[PDB]
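All remarks here apply to the structure that follows.
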Amino acid sequence: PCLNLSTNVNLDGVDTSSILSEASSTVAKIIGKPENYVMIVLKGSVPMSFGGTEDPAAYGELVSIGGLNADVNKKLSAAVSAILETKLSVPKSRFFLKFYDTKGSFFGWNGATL
Amino acid sequence: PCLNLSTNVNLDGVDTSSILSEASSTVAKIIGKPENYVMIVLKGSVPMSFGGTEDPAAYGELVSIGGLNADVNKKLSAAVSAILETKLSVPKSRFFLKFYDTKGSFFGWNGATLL
Amino acid sequence: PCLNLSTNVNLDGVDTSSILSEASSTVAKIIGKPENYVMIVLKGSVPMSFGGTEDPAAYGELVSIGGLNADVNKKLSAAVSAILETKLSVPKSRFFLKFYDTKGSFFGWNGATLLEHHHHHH
């Protein structure tokens, strides 16, 4: 699966490696897939508005071949939001996370599809 | 809802806050949701090609829990494309905008989902 | 269609226009779409991890009004991954590509939508 994040928080002084690593293991554990198949993308310094203000915020998308449903999505939202609160000071009230369950035939990896 | 935009235009010198504010209010009015729940994301200086050329262009995605249909989508495309033409000189013929309707159980906010 | 890509590789160090042009031609030819309607987006220097490491990687999404199916998607995966291998040194084992078949009425262009008047085709 892939967790693809954008934030207006500037990452120039941040240990992004630690954020990626925590997100990577957290997603693997909750979605129940080996971490070998987990991708995390984190774009910072992205202009954003949420609720009309430019205070720190984040937008994410999480794509997986199956494994996504109301319970898992709630648990992933809680856990990822806690990483963004602690490590980026993005409140969970300013984090939107879109989930997408893709068919394997519509997901490319290793030059082929699933 | 969230409108997530990328453009090859450089935002330096551009009043980025006014673009965000105009887009935020426009999306809120057309989709019919309080602006409290509208997110706008705008990345500039992104390498992109449209039609094989690198003239000003933009790609957007708009995600929402319902409220999307052919009529709403046409109105959103017209309004957002007008912002990009006037504020970034991105011609509407070089702007693609993918609309996605999501279930609330598949949209996270506030540490949970919108279910 | 639009192919929208992110990578941790630094594009200051590569001819980015040649990647855009080769991807644009490749998507047009494999889906079978006029190149006038092909958009390629490429963001670089993006923090990423895949499998817990930060070696070169890429994430993409390809949206198209029709023209996508299991066979075409496999060909697109192979061809686009080969561009990133040769031009960005991103191994195909570190490249994920989501495909999405959209209705025209859910795809804005030219200040309206591409609402379809005939049948949709995979």
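By convention in this document, the chains of the structure tokens carry letters A, B, ... by their order, each chain's residues are numbered from 1, and ligands are numbered from 1 in the order they are shown.
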
Just need the residues of chain C within 7 Å of chain B, counting only C-alpha atoms, so spit them out as a PDB file with N, CA, C and O atoms, in the first residue's frame.
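So the final result, stored in result-v6.pdb, reads:
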ATOM      1  N   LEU C  20       9.395  13.812 -19.418  1.00  0.00           N
ATOM      2  CA  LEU C  20       8.025  14.201 -19.723  1.00  0.00           C
ATOM      3  C   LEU C  20       7.650  13.811 -21.145  1.00  0.00           C
ATOM      4  O   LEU C  20       6.564  13.269 -21.387  1.00  0.00           O
ATOM      5  N   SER C  21       8.542  14.071 -22.103  1.00  0.00           N
ATOM      6  CA  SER C  21       8.219  13.834 -23.506  1.00  0.00           C
ATOM      7  C   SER C  21       8.110  12.348 -23.793  1.00  0.00           C
ATOM      8  O   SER C  21       7.184  11.895 -24.495  1.00  0.00           O
ATOM      9  N   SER C  24       4.933  11.059 -22.233  1.00  0.00           N
ATOM     10  CA  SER C  24       3.764  11.543 -22.949  1.00  0.00           C
ATOM     11  C   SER C  24       3.493  10.680 -24.184  1.00  0.00           C
ATOM     12  O   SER C  24       2.358  10.223 -24.418  1.00  0.00           O
ATOM     13  N   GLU C  35      -2.151  12.568 -28.360  1.00  0.00           N
ATOM     14  CA  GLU C  35      -1.220  13.198 -27.426  1.00  0.00           C
ATOM     15  C   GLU C  35      -1.696  14.574 -27.002  1.00  0.00           C
ATOM     16  O   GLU C  35      -1.324  15.029 -25.909  1.00  0.00           O
ATOM     17  N   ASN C  36      -2.569  15.216 -27.777  1.00  0.00           N
ATOM     18  CA  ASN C  36      -3.145  16.491 -27.357  1.00  0.00           C
ATOM     19  C   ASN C  36      -3.848  16.381 -26.012  1.00  0.00           C
ATOM     20  O   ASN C  36      -3.998  17.395 -25.325  1.00  0.00           O
ATOM     21  N   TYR C  37      -4.276  15.185 -25.626  1.00  0.00           N
ATOM     22  CA  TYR C  37      -5.009  14.992 -24.385  1.00  0.00           C
ATOM     23  C   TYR C  37      -4.182  14.300 -23.315  1.00  0.00           C
ATOM     24  O   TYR C  37      -4.751  13.852 -22.316  1.00  0.00           O
ATOM     25  N   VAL C  38      -2.870  14.218 -23.485  1.00  0.00           N
ATOM     26  CA  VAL C  38      -2.018  13.537 -22.514  1.00  0.00           C
ATOM     27  C   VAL C  38      -1.305  14.571 -21.658  1.00  0.00           C
ATOM     28  O   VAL C  38      -0.613  15.465 -22.171  1.00  0.00           O
ATOM     29  N   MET C  39      -1.443  14.412 -20.341  1.00  0.00           N
ATOM     30  CA  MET C  39      -0.759  15.246 -19.365  1.00  0.00           C
ATOM     31  C   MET C  39       0.201  14.363 -18.575  1.00  0.00           C
ATOM     32  O   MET C  39      -0.168  13.264 -18.149  1.00  0.00           O
ATOM     33  N   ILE C  40       1.422  14.843 -18.355  1.00  0.00           N
ATOM     34  CA  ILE C  40       2.393  14.183 -17.489  1.00  0.00           C
ATOM     35  C   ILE C  40       2.814  15.192 -16.436  1.00  0.00           C
ATOM     36  O   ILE C  40       3.121  16.334 -16.775  1.00  0.00           O
ATOM     37  N   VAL C  41       2.821  14.776 -15.173  1.00  0.00           N
ATOM     38  CA  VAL C  41       3.255  15.591 -14.034  1.00  0.00           C
ATOM     39  C   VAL C  41       4.372  14.831 -13.327  1.00  0.00           C
ATOM     40  O   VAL C  41       4.238  13.621 -13.089  1.00  0.00           O
ATOM     41  N   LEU C  42       5.467  15.511 -12.985  1.00  0.00           N
ATOM     42  CA  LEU C  42       6.576  14.836 -12.321  1.00  0.00           C
ATOM     43  C   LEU C  42       7.159  15.726 -11.232  1.00  0.00           C
ATOM     44  O   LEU C  42       7.779  16.750 -11.522  1.00  0.00           O
ATOM     45  N   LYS C  43       7.002  15.313  -9.977  1.00  0.00           N
ATOM     46  CA  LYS C  43       7.552  16.012  -8.820  1.00  0.00           C
ATOM     47  C   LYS C  43       8.753  15.231  -8.321  1.00  0.00           C
ATOM     48  O   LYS C  43       8.663  14.015  -8.099  1.00  0.00           O
ATOM     49  N   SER C 105     -17.700  12.623 -17.322  1.00  0.00           N
ATOM     50  CA  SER C 105     -18.415  13.618 -16.527  1.00  0.00           C
ATOM     51  C   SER C 105     -17.754  13.879 -15.185  1.00  0.00           C
ATOM     52  O   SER C 105     -18.140  14.827 -14.485  1.00  0.00           O
ATOM     53  N   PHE C 106     -16.798  13.039 -14.797  1.00  0.00           N
ATOM     54  CA  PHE C 106     -16.003  13.264 -13.599  1.00  0.00           C
ATOM     55  C   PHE C 106     -14.582  13.685 -13.936  1.00  0.00           C
ATOM     56  O   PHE C 106     -13.662  13.533 -13.109  1.00  0.00           O
ATOM     57  N   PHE C 107     -14.373  14.279 -15.112  1.00  0.00           N
ATOM     58  CA  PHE C 107     -13.056  14.730 -15.543  1.00  0.00           C
ATOM     59  C   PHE C 107     -13.205  16.108 -16.169  1.00  0.00           C
ATOM     60  O   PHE C 107     -13.748  16.263 -17.272  1.00  0.00           O
ATOM     61  N   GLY C 108     -12.773  17.123 -15.442  1.00  0.00           N
ATOM     62  CA  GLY C 108     -12.872  18.488 -15.945  1.00  0.00           C
ATOM     63  C   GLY C 108     -11.762  18.794 -16.938  1.00  0.00           C
ATOM     64  O   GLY C 108     -10.604  18.382 -16.776  1.00  0.00           O
ATOM     65  N   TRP C 109     -12.129  19.540 -17.987  1.00  0.00           N
ATOM     66  CA  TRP C 109     -11.168  20.040 -18.957  1.00  0.00           C
ATOM     67  C   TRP C 109     -11.829  21.204 -19.679  1.00  0.00           C
ATOM     68  O   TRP C 109     -13.044  21.187 -19.889  1.00  0.00           O
ATOM     69  N   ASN C 110     -11.031  22.211 -20.040  1.00  0.00           N
ATOM     70  CA  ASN C 110     -11.550  23.336 -20.838  1.00  0.00           C
ATOM     71  C   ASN C 110     -12.669  24.093 -20.126  1.00  0.00           C
ATOM     72  O   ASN C 110     -13.565  24.636 -20.773  1.00  0.00           O
ATOM     73  N   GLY C 111     -12.652  24.134 -18.793  1.00  0.00           N
ATOM     74  CA  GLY C 111     -13.701  24.808 -18.048  1.00  0.00           C
ATOM     75  C   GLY C 111     -15.047  24.119 -18.050  1.00  0.00           C
ATOM     76  O   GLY C 111     -16.035  24.706 -17.595  1.00  0.00           O
ATOM     77  N   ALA C 112     -15.123  22.879 -18.521  1.00  0.00           N
ATOM     78  CA  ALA C 112     -16.346  22.099 -18.402  1.00  0.00           C
ATOM     79  C   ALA C 112     -15.946  20.677 -18.048  1.00  0.00           C
ATOM     80  O   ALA C 112     -14.922  20.497 -17.384  1.00  0.00           O
ATOM     81  N   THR C 113     -16.720  19.679 -18.434  1.00  0.00           N
ATOM     82  CA  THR C 113     -16.265  18.309 -18.265  1.00  0.00           C
ATOM     83  C   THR C 113     -16.172  17.646 -19.624  1.00  0.00           C
ATOM     84  O   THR C 113     -16.551  18.209 -20.654  1.00  0.00           O
TER      85      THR C 113
END

Per residue of chain A within 7 Å of chain B, which atom pair is closest and at what distance in Å (one decimal), using only C-alpha atoms, listed by chain and increasing number, as CSV?
residue,atom,partner,partner_atom,distance
A:46,CA,B:43,CA,5.7
A:47,CA,B:42,CA,5.4
A:48,CA,B:41,CA,4.5
A:49,CA,B:40,CA,5.1
A:50,CA,B:39,CA,4.4
A:51,CA,B:36,CA,3.6
A:52,CA,B:21,CA,6.5
A:70,CA,B:105,CA,5.1
A:73,CA,B:106,CA,6.7
A:74,CA,B:112,CA,4.7
A:77,CA,B:111,CA,5.1
A:78,CA,B:111,CA,4.0
A:81,CA,B:111,CA,5.6
A:92,CA,B:110,CA,4.5
A:93,CA,B:110,CA,4.3
A:95,CA,B:109,CA,5.8
A:96,CA,B:109,CA,4.9
A:97,CA,B:108,CA,4.5
A:98,CA,B:107,CA,4.6
A:99,CA,B:106,CA,4.9

Go ahead and save the residues from that selection, with N, CA and C atoms, as a PDB file, in the first residue's frame.
ATOM      1  N   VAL A  46       4.046  22.710   1.190  1.00  0.00           N
ATOM      2  CA  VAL A  46       3.021  22.811   0.154  1.00  0.00           C
ATOM      3  C   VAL A  46       1.985  23.827   0.621  1.00  0.00           C
ATOM      4  N   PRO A  47       1.772  24.928  -0.101  1.00  0.00           N
ATOM      5  CA  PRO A  47       0.687  25.851   0.269  1.00  0.00           C
ATOM      6  C   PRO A  47      -0.665  25.156   0.437  1.00  0.00           C
ATOM      7  N   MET A  48      -1.319  25.442   1.553  1.00  0.00           N
ATOM      8  CA  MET A  48      -2.578  24.823   1.899  1.00  0.00           C
ATOM      9  C   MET A  48      -3.461  25.792   2.655  1.00  0.00           C
ATOM     10  N   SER A  49      -4.748  25.631   2.466  1.00  0.00           N
ATOM     11  CA  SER A  49      -5.757  26.267   3.294  1.00  0.00           C
ATOM     12  C   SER A  49      -6.712  25.196   3.798  1.00  0.00           C
ATOM     13  N   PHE A  50      -7.118  25.311   5.045  1.00  0.00           N
ATOM     14  CA  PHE A  50      -8.155  24.431   5.550  1.00  0.00           C
ATOM     15  C   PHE A  50      -9.040  25.242   6.468  1.00  0.00           C
ATOM     16  N   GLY A  51     -10.345  25.143   6.234  1.00  0.00           N
ATOM     17  CA  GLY A  51     -11.282  25.988   6.947  1.00  0.00           C
ATOM     18  C   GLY A  51     -10.994  27.465   6.799  1.00  0.00           C
ATOM     19  N   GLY A  52     -10.382  27.875   5.694  1.00  0.00           N
ATOM     20  CA  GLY A  52     -10.120  29.274   5.452  1.00  0.00           C
ATOM     21  C   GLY A  52      -8.822  29.815   6.022  1.00  0.00           C
ATOM     22  N   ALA A  70     -14.283   0.110   7.189  1.00  0.00           N
ATOM     23  CA  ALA A  70     -14.555   1.133   8.198  1.00  0.00           C
ATOM     24  C   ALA A  70     -13.625   1.004   9.401  1.00  0.00           C
ATOM     25  N   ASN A  73      -9.826   1.591   8.394  1.00  0.00           N
ATOM     26  CA  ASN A  73      -9.632   2.993   8.021  1.00  0.00           C
ATOM     27  C   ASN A  73      -9.691   3.894   9.245  1.00  0.00           C
ATOM     28  N   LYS A  74     -10.589   3.609  10.189  1.00  0.00           N
ATOM     29  CA  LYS A  74     -10.613   4.386  11.426  1.00  0.00           C
ATOM     30  C   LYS A  74      -9.310   4.228  12.191  1.00  0.00           C
ATOM     31  N   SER A  77      -6.507   6.095  10.327  1.00  0.00           N
ATOM     32  CA  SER A  77      -6.660   7.530  10.522  1.00  0.00           C
ATOM     33  C   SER A  77      -6.200   7.960  11.908  1.00  0.00           C
ATOM     34  N   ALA A  78      -6.594   7.227  12.939  1.00  0.00           N
ATOM     35  CA  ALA A  78      -6.161   7.567  14.287  1.00  0.00           C
ATOM     36  C   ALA A  78      -4.649   7.514  14.392  1.00  0.00           C
ATOM     37  N   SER A  81      -2.796  10.165  12.155  1.00  0.00           N
ATOM     38  CA  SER A  81      -2.988  11.500  12.697  1.00  0.00           C
ATOM     39  C   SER A  81      -2.125  11.722  13.931  1.00  0.00           C
ATOM     40  N   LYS A  92      -5.115  16.830  14.454  1.00  0.00           N
ATOM     41  CA  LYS A  92      -5.928  15.869  13.703  1.00  0.00           C
ATOM     42  C   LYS A  92      -7.195  16.500  13.119  1.00  0.00           C
ATOM     43  N   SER A  93      -7.683  17.589  13.708  1.00  0.00           N
ATOM     44  CA  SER A  93      -8.788  18.330  13.113  1.00  0.00           C
ATOM     45  C   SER A  93      -8.408  19.038  11.821  1.00  0.00           C
ATOM     46  N   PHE A  95      -6.388  17.430   9.406  1.00  0.00           N
ATOM     47  CA  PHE A  95      -5.855  16.341   8.592  1.00  0.00           C
ATOM     48  C   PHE A  95      -7.007  15.612   7.925  1.00  0.00           C
ATOM     49  N   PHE A  96      -7.012  15.637   6.597  1.00  0.00           N
ATOM     50  CA  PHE A  96      -7.939  14.848   5.789  1.00  0.00           C
ATOM     51  C   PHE A  96      -7.169  13.698   5.162  1.00  0.00           C
ATOM     52  N   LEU A  97      -7.781  12.503   5.160  1.00  0.00           N
ATOM     53  CA  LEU A  97      -7.132  11.308   4.631  1.00  0.00           C
ATOM     54  C   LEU A  97      -8.119  10.543   3.773  1.00  0.00           C
ATOM     55  N   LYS A  98      -7.906  10.522   2.471  1.00  0.00           N
ATOM     56  CA  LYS A  98      -8.762   9.771   1.556  1.00  0.00           C
ATOM     57  C   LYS A  98      -8.213   8.360   1.415  1.00  0.00           C
ATOM     58  N   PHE A  99      -9.080   7.348   1.533  1.00  0.00           N
ATOM     59  CA  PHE A  99      -8.701   5.956   1.373  1.00  0.00           C
ATOM     60  C   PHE A  99      -9.223   5.445   0.040  1.00  0.00           C
TER      61      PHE A  99
END

Which of region 15-104 of chain C fall in helix (DSSP H, G or I), as number ranges by chain: C: 16-32, 35-37, 70-88, 92-94, 104

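Our summary of the geometry notes that CA of residue 89 (chain B) is positioned 8.4 Å from CA of residue 9 (chain B).
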
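The gap separating CA of residue 53 (chain C) from CA of residue 85 (chain A) is 23.1 Å, in Å to one decimal.
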
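You will find CA of residue 58 (chain C) at 6.9 Å from CA of residue 5 (chain C).
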
Which of region 12-42 of chain C DSSP labels strand (DSSP E), written as number ranges by chain: C: 39-42

Keeping only C-alpha atoms, take the residues you just selected and write them out as an mmCIF file, in the first residue's frame.
data_model
loop_
_atom_site.group_PDB
_atom_site.id
_atom_site.type_symbol
_atom_site.label_atom_id
_atom_site.label_comp_id
_atom_site.auth_asym_id
_atom_site.auth_seq_id
_atom_site.Cartn_x
_atom_site.Cartn_y
_atom_site.Cartn_z
ATOM 1 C CA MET C 39 -0.759 15.246 -19.365
ATOM 2 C CA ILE C 40 2.393 14.183 -17.489
ATOM 3 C CA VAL C 41 3.255 15.591 -14.034
ATOM 4 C CA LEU C 42 6.576 14.836 -12.321
#

Interface residues on chain A facing chain C, 12 Å, only C-alpha atoms, written as number ranges by chain: A: 1-7, 11-12, 14-28, 33-46, 61-65, 100-114

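Within 6 Å of residue 104 (chain C), once only C-alpha atoms are used and residues closer than 3 positions along the same chain are dropped, the contacting residues are residues 65, 107, 114, 115 and 116 of chain C.
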